[PDB]
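Participant: Compact mmCIF, C-alpha atoms and all ligand atoms, file coords-v2.txt:
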# COMPACT_ATOMS: atom_id res chain seq x y z
CA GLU A 27 47.81 115.26 233.29
CA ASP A 28 48.21 116.15 229.60
CA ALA A 29 48.78 112.46 229.04
CA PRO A 30 46.16 110.49 227.03
CA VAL A 31 43.88 108.32 229.14
CA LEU A 32 43.73 105.48 226.63
CA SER A 33 46.32 103.20 225.02
CA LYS A 34 45.90 100.30 222.58
CA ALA A 35 47.27 97.96 225.23
CA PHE A 36 44.81 99.16 227.90
CA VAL A 37 41.90 98.69 225.52
CA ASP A 38 43.05 95.18 224.52
CA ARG A 39 43.15 94.22 228.19
CA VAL A 40 39.69 95.59 228.84
CA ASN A 41 38.32 93.59 225.93
CA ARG A 42 40.00 90.38 227.12
CA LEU A 43 38.73 90.87 230.66
CA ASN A 44 35.14 91.88 229.80
CA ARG A 45 34.59 88.56 227.97
CA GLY A 46 32.97 90.23 224.92
CA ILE A 47 29.89 91.31 226.91
CA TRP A 48 30.74 94.87 225.86
CA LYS A 49 33.15 96.44 223.40
CA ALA A 50 35.87 98.99 224.17
CA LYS A 51 37.44 100.74 221.20
CA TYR A 52 40.76 102.66 221.19
CA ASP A 53 40.46 104.67 218.00
CA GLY A 54 37.02 105.96 218.83
CA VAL A 55 36.04 109.53 219.51
CA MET A 56 37.92 109.56 222.84
CA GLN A 57 41.22 108.28 221.44
CA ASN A 58 43.20 111.36 222.45
CA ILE A 59 41.35 112.72 225.42
CA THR A 60 43.72 113.66 228.20
CA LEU A 61 43.42 112.94 231.91
CA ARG A 62 42.66 116.58 232.78
CA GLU A 63 39.86 116.69 230.22
CA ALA A 64 38.39 113.27 231.11
CA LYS A 65 38.27 114.29 234.76
CA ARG A 66 36.50 117.58 233.97
CA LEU A 67 33.57 115.79 232.30
CA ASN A 68 32.70 114.18 235.63
CA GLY A 69 31.11 116.88 237.63
CA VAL A 70 29.32 115.16 240.51
CA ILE A 71 30.45 116.55 243.87
CA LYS A 72 28.87 115.74 247.28
CA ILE A 79 18.90 115.99 251.24
CA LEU A 80 15.54 114.91 249.80
CA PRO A 81 12.94 112.58 251.29
CA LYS A 82 12.89 108.96 250.08
CA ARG A 83 10.20 108.11 247.48
CA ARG A 84 7.30 106.01 248.85
CA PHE A 85 5.24 103.93 246.45
CA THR A 86 1.51 103.48 246.98
CA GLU A 87 0.04 99.91 247.32
CA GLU A 88 -1.06 100.14 243.66
CA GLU A 89 2.32 101.18 242.34
CA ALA A 90 4.05 98.51 244.37
CA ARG A 91 2.05 95.57 242.99
CA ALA A 92 2.46 96.44 239.29
CA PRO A 93 4.18 93.55 237.51
CA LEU A 94 6.83 95.50 235.68
CA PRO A 95 7.55 94.32 232.18
CA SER A 96 10.88 92.69 231.49
CA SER A 97 11.87 95.56 229.25
CA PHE A 98 10.85 99.22 229.06
CA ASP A 99 11.87 102.32 227.10
CA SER A 100 10.61 105.85 228.03
CA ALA A 101 10.57 107.04 224.42
CA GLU A 102 8.29 104.12 223.46
CA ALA A 103 6.03 104.56 226.51
CA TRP A 104 5.58 108.36 225.96
CA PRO A 105 5.89 108.58 222.21
CA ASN A 106 4.43 112.12 222.01
CA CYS A 107 7.16 113.62 224.22
CA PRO A 108 9.87 114.82 221.84
CA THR A 109 12.48 115.81 224.48
CA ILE A 110 12.99 112.20 225.60
CA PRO A 111 15.13 110.97 222.78
CA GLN A 112 17.32 114.10 222.53
CA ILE A 113 20.92 113.77 223.54
CA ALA A 114 22.60 116.83 225.16
CA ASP A 115 26.20 118.06 225.13
CA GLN A 116 27.59 119.44 228.39
CA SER A 117 30.66 120.58 226.39
CA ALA A 118 33.97 121.51 228.03
CA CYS A 119 32.46 122.01 231.47
CA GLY A 120 31.72 119.69 234.49
CA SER A 121 28.02 120.40 234.42
CA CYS A 122 26.55 116.89 233.95
CA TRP A 123 24.89 117.31 237.33
CA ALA A 124 22.84 120.17 235.90
CA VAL A 125 22.46 118.99 232.36
CA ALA A 126 21.08 115.51 233.31
CA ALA A 127 18.74 117.29 235.76
CA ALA A 128 17.47 119.82 233.18
CA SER A 129 17.00 117.14 230.49
CA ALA A 130 14.90 114.95 232.86
CA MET A 131 12.91 117.96 234.03
CA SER A 132 12.01 118.72 230.38
CA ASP A 133 10.96 115.04 229.91
CA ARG A 134 8.83 115.26 233.06
CA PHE A 135 7.01 118.36 231.91
CA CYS A 136 5.67 116.15 229.21
CA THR A 137 5.14 112.81 231.10
CA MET A 138 3.59 114.59 234.07
CA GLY A 139 3.36 118.33 233.75
CA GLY A 140 1.05 118.76 230.70
CA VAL A 141 3.59 120.58 228.47
CA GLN A 142 4.78 118.62 225.43
CA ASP A 143 7.93 120.43 224.50
CA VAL A 144 9.69 122.74 226.92
CA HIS A 145 13.45 122.54 227.35
CA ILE A 146 14.51 123.49 230.81
CA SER A 147 17.62 125.67 230.89
CA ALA A 148 20.67 123.84 232.29
CA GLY A 149 22.53 127.22 231.96
CA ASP A 150 20.32 128.95 234.46
CA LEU A 151 20.68 126.07 236.93
CA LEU A 152 24.45 125.83 236.42
CA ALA A 153 25.00 129.59 236.89
CA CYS A 154 22.44 130.52 239.48
CA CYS A 155 22.29 127.51 241.82
CA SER A 156 25.25 128.34 244.01
CA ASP A 157 23.91 126.09 246.79
CA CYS A 158 24.32 123.22 244.33
CA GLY A 159 28.06 123.28 243.89
CA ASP A 160 30.58 125.27 241.89
CA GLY A 161 29.20 125.45 238.36
CA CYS A 162 31.58 124.01 235.79
CA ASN A 163 33.75 122.55 238.59
CA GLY A 164 30.88 120.29 239.61
CA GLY A 165 27.80 120.09 241.78
CA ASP A 166 25.22 117.95 243.51
CA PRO A 167 22.25 116.33 241.63
CA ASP A 168 19.94 116.34 244.68
CA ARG A 169 20.27 120.12 245.29
CA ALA A 170 19.51 120.74 241.63
CA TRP A 171 16.10 119.14 242.09
CA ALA A 172 15.56 121.00 245.32
CA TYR A 173 16.41 124.27 243.43
CA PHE A 174 13.77 123.43 240.79
CA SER A 175 11.21 123.40 243.66
CA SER A 176 12.29 126.44 245.63
CA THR A 177 13.47 128.84 242.91
CA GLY A 178 12.52 127.31 239.58
CA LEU A 179 14.21 127.52 236.20
CA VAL A 180 13.63 129.32 232.90
CA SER A 181 13.55 127.47 229.54
CA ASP A 182 16.44 127.34 227.13
CA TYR A 183 14.39 129.54 224.73
CA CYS A 184 14.89 132.23 227.40
CA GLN A 185 18.49 131.29 228.29
CA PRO A 186 20.14 128.84 225.86
CA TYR A 187 22.97 126.64 227.04
CA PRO A 188 25.93 128.95 226.72
CA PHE A 189 28.64 126.56 225.53
CA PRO A 190 28.69 125.08 222.03
CA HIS A 191 28.95 121.42 221.09
CA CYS A 192 32.51 120.25 220.89
CA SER A 193 34.07 117.04 219.68
CA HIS A 194 37.01 114.98 220.94
CA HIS A 195 37.61 113.86 217.41
CA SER A 196 40.04 115.91 215.37
CA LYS A 197 37.78 115.57 212.32
CA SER A 198 34.27 115.58 213.78
CA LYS A 199 31.50 113.85 211.76
CA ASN A 200 29.20 116.80 212.66
CA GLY A 201 31.70 119.59 212.11
CA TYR A 202 31.94 120.34 215.83
CA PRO A 203 35.02 122.21 216.97
CA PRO A 204 37.57 120.38 219.22
CA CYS A 205 36.88 120.35 222.96
CA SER A 206 40.59 120.92 223.75
CA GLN A 207 40.46 124.47 222.42
CA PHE A 208 38.03 125.32 225.25
CA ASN A 209 38.08 125.49 229.00
CA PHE A 210 34.93 127.23 230.25
CA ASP A 211 34.25 128.86 233.59
CA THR A 212 30.87 129.09 235.28
CA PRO A 213 28.77 131.76 233.48
CA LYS A 214 27.18 134.69 235.20
CA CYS A 215 23.66 134.17 236.56
CA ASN A 216 21.18 136.35 234.60
CA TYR A 217 17.73 137.56 235.45
CA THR A 218 16.36 138.26 231.93
CA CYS A 219 16.40 136.18 228.71
CA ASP A 220 19.42 136.59 226.40
CA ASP A 221 17.13 138.52 224.12
CA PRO A 222 15.57 140.81 226.68
CA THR A 223 12.37 141.26 224.65
CA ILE A 224 11.51 137.53 225.27
CA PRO A 225 9.53 137.49 228.54
CA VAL A 226 10.89 135.43 231.51
CA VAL A 227 8.68 132.34 232.11
CA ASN A 228 9.65 130.54 235.36
CA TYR A 229 9.06 126.75 235.68
CA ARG A 230 8.94 124.92 239.00
CA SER A 231 8.24 121.45 240.49
CA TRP A 232 6.15 120.99 243.64
CA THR A 233 8.08 118.12 245.17
CA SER A 234 11.51 116.46 244.97
CA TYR A 235 12.65 113.03 246.18
CA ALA A 236 15.43 110.41 246.22
CA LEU A 237 15.40 106.82 244.93
CA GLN A 238 17.58 103.86 245.86
CA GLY A 239 17.82 100.30 244.45
CA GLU A 240 16.83 98.39 241.36
CA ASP A 241 13.16 98.12 242.19
CA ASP A 242 12.65 101.83 243.17
CA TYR A 243 14.29 102.84 239.89
CA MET A 244 12.31 100.54 237.67
CA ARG A 245 9.08 101.45 239.34
CA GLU A 246 9.79 105.25 239.35
CA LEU A 247 10.73 105.06 235.63
CA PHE A 248 7.60 103.12 234.77
CA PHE A 249 5.07 105.41 236.33
CA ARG A 250 6.73 108.86 236.04
CA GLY A 251 9.49 108.64 233.38
CA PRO A 252 13.19 109.64 233.15
CA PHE A 253 15.17 110.83 236.13
CA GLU A 254 18.78 111.58 237.10
CA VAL A 255 21.28 109.09 238.56
CA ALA A 256 25.04 109.12 239.29
CA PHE A 257 27.83 106.55 239.02
CA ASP A 258 31.61 106.26 239.33
CA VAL A 259 33.57 106.70 236.11
CA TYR A 260 36.75 104.63 235.58
CA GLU A 261 39.04 104.86 232.60
CA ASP A 262 37.57 101.82 230.87
CA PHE A 263 34.23 103.63 230.59
CA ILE A 264 35.89 106.34 228.41
CA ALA A 265 36.52 103.67 225.79
CA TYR A 266 32.96 102.31 225.77
CA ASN A 267 31.62 101.67 222.29
CA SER A 268 28.69 99.28 222.76
CA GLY A 269 27.18 96.39 224.76
CA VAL A 270 26.41 96.23 228.47
CA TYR A 271 29.19 97.97 230.39
CA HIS A 272 30.65 96.82 233.68
CA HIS A 273 33.95 97.87 235.23
CA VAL A 274 37.00 95.63 234.71
CA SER A 275 40.03 98.03 234.68
CA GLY A 276 41.19 101.66 234.84
CA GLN A 277 41.54 104.25 237.59
CA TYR A 278 38.68 106.21 239.18
CA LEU A 279 38.02 109.49 237.27
CA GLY A 280 35.16 111.01 239.31
CA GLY A 281 31.34 110.98 239.69
CA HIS A 282 29.12 111.57 236.66
CA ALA A 283 25.36 112.29 236.42
CA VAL A 284 23.23 110.87 233.64
CA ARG A 285 19.57 110.42 232.66
CA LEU A 286 18.06 106.96 233.12
CA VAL A 287 15.58 106.13 230.38
CA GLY A 288 15.01 102.35 230.13
CA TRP A 289 15.84 98.77 231.00
CA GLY A 290 16.04 95.40 229.38
CA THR A 291 18.12 92.25 229.06
CA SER A 292 20.69 91.37 226.45
CA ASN A 293 21.88 87.75 226.06
CA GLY A 294 21.03 87.02 229.70
CA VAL A 295 22.58 90.23 231.09
CA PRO A 296 20.07 92.66 232.70
CA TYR A 297 20.86 96.34 231.95
CA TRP A 298 19.84 100.01 232.24
CA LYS A 299 19.61 102.14 229.11
CA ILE A 300 21.07 105.56 229.85
CA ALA A 301 21.34 108.89 228.01
CA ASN A 302 24.85 110.34 228.39
CA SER A 303 25.66 114.07 227.74
CA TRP A 304 28.76 113.91 225.50
CA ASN A 305 26.69 114.36 222.34
CA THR A 306 25.72 111.71 219.82
CA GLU A 307 29.29 110.98 218.70
CA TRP A 308 30.00 108.96 221.84
CA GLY A 309 28.85 105.44 222.80
CA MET A 310 25.71 104.17 221.09
CA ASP A 311 24.57 107.42 219.43
CA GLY A 312 24.91 109.16 222.76
CA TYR A 313 23.50 106.27 224.89
CA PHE A 314 25.13 103.47 226.89
CA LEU A 315 23.88 100.26 228.53
CA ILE A 316 25.19 99.32 231.97
CA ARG A 317 24.71 96.17 234.07
CA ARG A 318 21.60 96.38 236.21
CA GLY A 319 20.94 94.57 239.48
CA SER A 320 24.22 94.85 241.41
CA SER A 321 24.74 98.61 241.73
CA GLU A 322 27.47 98.53 239.04
CA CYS A 323 29.84 101.49 239.81
CA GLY A 324 27.34 102.66 242.36
CA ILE A 325 24.63 103.34 239.78
CA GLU A 326 21.75 102.21 242.04
CA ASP A 327 22.96 104.07 245.13
CA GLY A 328 20.86 107.22 244.61
CA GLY A 329 18.54 108.80 242.07
CA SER A 330 16.93 112.24 242.18
CA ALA A 331 13.58 113.06 240.73
CA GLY A 332 10.60 115.36 241.20
CA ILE A 333 7.19 116.31 239.86
CA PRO A 334 6.76 119.48 237.66
CA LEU A 335 3.93 121.83 238.48
CA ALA A 336 1.67 122.39 235.46
CA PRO A 337 1.80 126.11 234.33
CA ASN A 338 -1.02 128.62 234.73
CA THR A 339 -4.37 127.00 235.70
CA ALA A 340 -7.50 125.45 234.06
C1 LIG A 401 24.37 135.72 231.16
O1 LIG A 401 24.64 136.73 230.22
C2 LIG A 401 26.04 136.80 230.12
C3 LIG A 401 26.45 138.18 229.58
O2 LIG A 401 25.85 138.30 228.32
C4 LIG A 401 26.39 135.61 229.24
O3 LIG A 401 27.79 135.77 229.04
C5 LIG A 401 28.42 135.65 227.78
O4 LIG A 401 28.49 134.30 227.40
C6 LIG A 401 28.98 134.07 226.09
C7 LIG A 401 28.99 132.72 225.80
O5 LIG A 401 30.06 132.10 226.53
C8 LIG A 401 30.42 134.61 226.01
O6 LIG A 401 30.80 134.51 224.67
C9 LIG A 401 32.23 134.58 224.52
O7 LIG A 401 32.68 135.92 224.34
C10 LIG A 401 34.10 136.02 224.31
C11 LIG A 401 34.53 137.49 224.41
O8 LIG A 401 33.66 138.26 223.57
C12 LIG A 401 34.53 135.37 222.99
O9 LIG A 401 35.93 135.46 222.92
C13 LIG A 401 34.05 133.91 222.96
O10 LIG A 401 34.31 133.28 221.72
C14 LIG A 401 32.56 133.84 223.24
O11 LIG A 401 31.84 134.42 222.17
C15 LIG A 401 30.51 136.06 226.52
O12 LIG A 401 31.86 136.43 226.65
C16 LIG A 401 29.84 136.16 227.88
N1 LIG A 401 29.78 137.49 228.44
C17 LIG A 401 30.30 137.68 229.66
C18 LIG A 401 30.16 139.06 230.30
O13 LIG A 401 30.91 136.78 230.26
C19 LIG A 401 26.11 134.39 230.13
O14 LIG A 401 26.53 133.19 229.57
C20 LIG A 401 24.66 134.35 230.55
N2 LIG A 401 24.48 133.33 231.59
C21 LIG A 401 23.96 132.15 231.27
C22 LIG A 401 23.81 131.15 232.38
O15 LIG A 401 23.68 131.85 230.10
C1 LIG A 402 44.30 111.48 217.75
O1 LIG A 402 45.58 112.05 217.44
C2 LIG A 402 46.29 111.43 216.37
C3 LIG A 402 47.48 111.95 216.00
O2 LIG A 402 47.31 113.37 216.00
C4 LIG A 402 45.39 111.59 215.14
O3 LIG A 402 46.00 111.27 213.99
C5 LIG A 402 46.11 112.28 212.98
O4 LIG A 402 44.85 112.46 212.29
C6 LIG A 402 44.87 113.48 211.29
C7 LIG A 402 43.49 113.43 210.69
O5 LIG A 402 42.79 112.20 210.85
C8 LIG A 402 45.87 113.04 210.20
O6 LIG A 402 45.98 113.89 209.21
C9 LIG A 402 47.27 112.74 210.80
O7 LIG A 402 48.13 112.07 209.90
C10 LIG A 402 47.22 111.82 212.01
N1 LIG A 402 48.55 111.82 212.63
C11 LIG A 402 49.08 110.67 213.10
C12 LIG A 402 50.46 110.78 213.70
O8 LIG A 402 48.45 109.59 213.09
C13 LIG A 402 44.01 110.94 215.31
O9 LIG A 402 43.16 111.20 214.22
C14 LIG A 402 43.36 111.52 216.55
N2 LIG A 402 42.19 110.68 216.72
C15 LIG A 402 40.99 111.21 216.90
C16 LIG A 402 39.88 110.21 217.02
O10 LIG A 402 40.83 112.43 217.02
Produce structure tokens that represent the structure in this file.
Facilitator:
Amino acid sequence: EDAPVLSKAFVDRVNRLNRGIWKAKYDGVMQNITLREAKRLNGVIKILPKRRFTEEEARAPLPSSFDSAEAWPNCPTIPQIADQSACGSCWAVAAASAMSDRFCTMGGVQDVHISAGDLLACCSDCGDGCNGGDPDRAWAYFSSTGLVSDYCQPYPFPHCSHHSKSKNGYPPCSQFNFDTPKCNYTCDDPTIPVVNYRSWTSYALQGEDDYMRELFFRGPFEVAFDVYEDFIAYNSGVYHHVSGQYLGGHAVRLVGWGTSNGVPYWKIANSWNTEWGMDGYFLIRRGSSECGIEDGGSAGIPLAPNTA
């Protein structure tokens, strides 16, 4: 359990087997991560109505590549990469990030960051905080209860690095194990007034076409996939699973699609900060539910604040 996940030999095997379609790297940022730690980063554990597309949506000829940041270039939350830190809160962090993106693509508010802290601590229905939770219930909680912004309640755990000498001066993740924070009802600075943000509807997505089409019209949303040990070593290219044991479910924010040398893929924002993968992003094979990635998405529509 305090054993390293990765070895040079494991990585060499992965890179033989993957045929150079993606690159695994041993002495990357995850070189020394242990099994206990790697498992804690995957915090998906465990219903919404299915999305229905109108006749118009359904007949759109979707382009052969698409990137949310290019399609909504005035929405500054889209390209930001989060850091869930030493806590299994991806389910909440990928939800909050996408909710912030959607306030801009749909909800008329250019730059509000939805608080993943509030959701993590207060949505007890959703799961068990830092020990993991359920993406779908997170979206349902955004409708029924609503969430404050991170200006009100900032994410309570600092960035941490799996490198021993972090490029960004982040402290080591191993020196931390965090437990679910207490749910609060005022902002950290109590003189900042509580502003509550809410969606009016939530829904589930399934399959390559649903996903593409939802992304095209409405923008980023949250998906989950199975994490194997070879994923830990990902450095670049279009991932697909070739070796390693199952490490758990992980939620992430889907932001784009394309094709690279004949391989269709999804572009995805991870939440392990910008030191990991391709500046915080990874590509993964699209079209064949690689590691279950197309088995269920969760999304919703933010309600615009105030009135006209
Ligand atoms: C709700 O408010 C509570 C109470 O203020 C927030 O709890 C506080 O969270 C911070 C950040 O983790 C904790 O800081 C730690 O303090 C310990 C002991 O002083 C120190 O050794 C650490 O280095 C770190 O500074 C603080 O202890 C903690 N307070 C309590 C009572 O647990 C909480 O995070 C807020 N909830 C949300 C969702 O943000
Ligand atoms: C993983 O752990 C090994 C060994 O601790 C790291 O290697 C040490 O790195 C520090 C700083 O780079 C050096 O001063 C030591 O000489 C190294 N020790 C040995 C035995 O190699 C390695 O840097 C760690 N890798 C990462 C990415 O954090």
Participant: Closest to residue 28 in chain A among A:51, A:43, A:62, A:302, using only C-alpha atoms?
Facilitator: A:62
Participant: Determine the nearest neighbour of ligand LIG 401 (chain A) from the options A:219, A:172, A:153, A:283, counting only C-alpha atoms and all ligand atoms.
Facilitator: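 Under the stated criterion, the closest residue is A:153.
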Participant: Given a cut-off of 7 Å, what residues near ligand LIG 402 (chain A) show up using all atoms listed in the file, put as number ranges by chain?
Facilitator: A: 53-58, 194-197
Participant: How would you write, as a list in words, the set of residues no farther than 8 Å from ligand LIG 401 (chain A) when counting all atoms listed in the file?
Facilitator: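 The neighbouring residues of ligand LIG 401 (chain A) are, in order, residues 148, 149, 150, 151, 152, 153, 154, 185, 186, 187, 188, 189, 210, 212, 213, 214, 215, 216 and 220 of chain A.
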Participant: Emit the selected residues as a CSV table (one decimal), in the coordinates of the input, including C-alpha atoms.
Facilitator:
chain,number,residue,atom,x,y,z
A,148,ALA,CA,20.7,123.8,232.3
A,149,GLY,CA,22.5,127.2,232.0
A,150,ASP,CA,20.3,129.0,234.5
A,151,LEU,CA,20.7,126.1,236.9
A,152,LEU,CA,24.4,125.8,236.4
A,153,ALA,CA,25.0,129.6,236.9
A,154,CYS,CA,22.4,130.5,239.5
A,185,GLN,CA,18.5,131.3,228.3
A,186,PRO,CA,20.1,128.8,225.9
A,187,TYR,CA,23.0,126.6,227.0
A,188,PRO,CA,25.9,129.0,226.7
A,189,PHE,CA,28.6,126.6,225.5
A,210,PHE,CA,34.9,127.2,230.2
A,212,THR,CA,30.9,129.1,235.3
A,213,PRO,CA,28.8,131.8,233.5
A,214,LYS,CA,27.2,134.7,235.2
A,215,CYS,CA,23.7,134.2,236.6
A,216,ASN,CA,21.2,136.4,234.6
A,220,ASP,CA,19.4,136.6,226.4
Participant: Write out, as a tab-separated table, each residue of range 113-139 of chain A that has an atom at most 9 Å from range 248-266 of chain A, together with the closest pair of atoms and their distance in Å to one decimal, counting only C-alpha atoms, rows going by chain and rising number.
Facilitator:
residue	atom	partner	partner_atom	distance
A:123	CA	A:254	CA	8.4
A:126	CA	A:254	CA	5.9
A:127	CA	A:254	CA	5.9
A:129	CA	A:253	CA	8.7
A:130	CA	A:253	CA	5.3
A:131	CA	A:253	CA	7.8
A:133	CA	A:252	CA	6.7
A:134	CA	A:251	CA	6.7
A:137	CA	A:251	CA	6.4
A:138	CA	A:250	CA	6.8
Participant: Would you export the selected residues with C-alpha atoms as a compact mmCIF listing (two decimals), in the frame of the given file, please?
Facilitator:
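part-v2.txt, written as the output of this step:
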# COMPACT_ATOMS: atom_id res chain seq x y z
CA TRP A 123 24.89 117.31 237.33
CA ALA A 126 21.08 115.51 233.31
CA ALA A 127 18.74 117.29 235.76
CA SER A 129 17.00 117.14 230.49
CA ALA A 130 14.90 114.95 232.86
CA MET A 131 12.91 117.96 234.03
CA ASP A 133 10.96 115.04 229.91
CA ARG A 134 8.83 115.26 233.06
CA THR A 137 5.14 112.81 231.10
CA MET A 138 3.59 114.59 234.07
Participant: Counting all atoms listed in the file, figure out which residue out of A:272, A:125, A:146, A:160 gets nearest to residue 301 in chain A.
Facilitator: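 Counting all atoms listed in the file, the residue closest to residue 301 in chain A is A:125.
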Participant: Pick from A:280, A:203, A:46, A:95: nearest to residue 71 in chain A, with all atoms listed in the file counted?
Facilitator: A:280
Participant: Using all atoms listed in the file, which residues sit within 7 Å of residue 300 in chain A once same-chain residues fewer than 6 positions away are excluded, as a PDB file with C-alpha atoms, keeping the file's coordinate frame?
Facilitator:
ATOM      1  CA  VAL A 284      23.230 110.870 233.640  1.00  0.00           C
ATOM      2  CA  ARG A 285      19.570 110.420 232.660  1.00  0.00           C
ATOM      3  CA  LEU A 286      18.060 106.960 233.120  1.00  0.00           C
ATOM      4  CA  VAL A 287      15.580 106.130 230.380  1.00  0.00           C
ATOM      5  CA  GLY A 288      15.010 102.350 230.130  1.00  0.00           C
ATOM      6  CA  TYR A 313      23.500 106.270 224.890  1.00  0.00           C
ATOM      7  CA  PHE A 314      25.130 103.470 226.890  1.00  0.00           C
ATOM      8  CA  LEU A 315      23.880 100.260 228.530  1.00  0.00           C
TER       9      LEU A 315
END
Participant: Just the number, please: distance in Å from CA of residue 237 in chain A to CA of residue 91 in chain A, one decimal.
Facilitator: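 CA of residue 91 in chain A lies 17.6 Å from CA of residue 237 in chain A.
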Participant: Provide the CA of residue 244 in chain A to CA of residue 157 in chain A distance in Å, to one decimal place.
Facilitator: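 Going from CA of residue 244 in chain A over to CA of residue 157 in chain A, I get 29.5 Å.
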Participant: Would you kindly return, as a VMD selection string, each protein, DNA or RNA residue with an atom no farther than 9 Å from any atom of residue 159 in chain A, considering all atoms listed in the file and excluding same-chain residues fewer than 4 positions away?
Facilitator: chain A and resid 70 to 72 152 155 163 to 166 169
Participant: As number ranges by chain, please: the residues near residue 270 in chain A (cut-off 8 Å, all atoms listed in the file, same-chain neighbours under 3 positions excluded).
Facilitator: A: 47-48, 292, 295, 297, 314-317
Participant: Given only C-alpha atoms as the basis, pick out the residue of A:271, A:278, A:240, A:144 nearest to residue 310 in chain A.
Facilitator: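 Of all the options, A:271 lies closest to residue 310 in chain A.
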Participant: For the point (46.5, 106.3, 229.0) in the file's frame, write as an MDAnalysis selection string all residues with an atom no more than 9 Å away, counting all atoms listed in the file.
Facilitator: chainID A and resid 29:34 36 58:61 261
Participant: Could you jot down the CA of residue 86 in chain A to CA of residue 327 in chain A separation for me, Å, one decimal place?
Facilitator: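 Result for CA of residue 86 in chain A versus CA of residue 327 in chain A: 21.5 Å, one decimal.
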Participant: Would you mind completing range 38-51 of chain A to N, CA and C atoms and writing the output as a PDB file, in the coordinates of the input?
Facilitator:
ATOM      1  N   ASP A  38      43.009  96.622 224.792  1.00  0.00           N
ATOM      2  CA  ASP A  38      43.050  95.180 224.520  1.00  0.00           C
ATOM      3  C   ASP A  38      42.801  94.365 225.784  1.00  0.00           C
ATOM      4  N   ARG A  39      43.290  94.878 226.903  1.00  0.00           N
ATOM      5  CA  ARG A  39      43.150  94.220 228.190  1.00  0.00           C
ATOM      6  C   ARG A  39      41.688  94.230 228.613  1.00  0.00           C
ATOM      7  N   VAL A  40      41.081  95.403 228.510  1.00  0.00           N
ATOM      8  CA  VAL A  40      39.690  95.590 228.840  1.00  0.00           C
ATOM      9  C   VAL A  40      38.846  94.581 228.069  1.00  0.00           C
ATOM     10  N   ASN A  41      39.072  94.497 226.763  1.00  0.00           N
ATOM     11  CA  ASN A  41      38.320  93.590 225.930  1.00  0.00           C
ATOM     12  C   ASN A  41      38.613  92.095 226.178  1.00  0.00           C
ATOM     13  N   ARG A  42      39.796  91.752 226.671  1.00  0.00           N
ATOM     14  CA  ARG A  42      40.000  90.380 227.120  1.00  0.00           C
ATOM     15  C   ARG A  42      39.178  90.170 228.396  1.00  0.00           C
ATOM     16  N   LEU A  43      39.327  91.076 229.355  1.00  0.00           N
ATOM     17  CA  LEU A  43      38.730  90.870 230.660  1.00  0.00           C
ATOM     18  C   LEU A  43      37.203  90.918 230.682  1.00  0.00           C
ATOM     19  N   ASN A  44      36.589  91.686 229.766  1.00  0.00           N
ATOM     20  CA  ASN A  44      35.140  91.880 229.800  1.00  0.00           C
ATOM     21  C   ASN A  44      34.388  90.750 229.128  1.00  0.00           C
ATOM     22  N   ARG A  45      35.140  89.786 228.580  1.00  0.00           N
ATOM     23  CA  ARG A  45      34.590  88.560 227.970  1.00  0.00           C
ATOM     24  C   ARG A  45      33.631  88.819 226.816  1.00  0.00           C
ATOM     25  N   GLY A  46      33.795  89.945 226.113  1.00  0.00           N
ATOM     26  CA  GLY A  46      32.970  90.230 224.920  1.00  0.00           C
ATOM     27  C   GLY A  46      31.534  90.658 225.209  1.00  0.00           C
ATOM     28  N   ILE A  47      31.174  90.764 226.485  1.00  0.00           N
ATOM     29  CA  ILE A  47      29.890  91.310 226.910  1.00  0.00           C
ATOM     30  C   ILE A  47      29.690  92.808 226.580  1.00  0.00           C
ATOM     31  N   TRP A  48      30.788  93.548 226.458  1.00  0.00           N
ATOM     32  CA  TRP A  48      30.740  94.870 225.860  1.00  0.00           C
ATOM     33  C   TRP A  48      32.014  95.132 225.142  1.00  0.00           C
ATOM     34  N   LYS A  49      31.998  96.137 224.258  1.00  0.00           N
ATOM     35  CA  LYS A  49      33.150  96.440 223.400  1.00  0.00           C
ATOM     36  C   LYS A  49      33.783  97.797 223.734  1.00  0.00           C
ATOM     37  N   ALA A  50      35.093  97.770 223.986  1.00  0.00           N
ATOM     38  CA  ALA A  50      35.870  98.990 224.170  1.00  0.00           C
ATOM     39  C   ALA A  50      36.602  99.197 222.852  1.00  0.00           C
ATOM     40  N   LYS A  51      36.826 100.449 222.482  1.00  0.00           N
ATOM     41  CA  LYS A  51      37.440 100.740 221.200  1.00  0.00           C
ATOM     42  C   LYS A  51      38.417 101.908 221.367  1.00  0.00           C
TER      43      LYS A  51
END
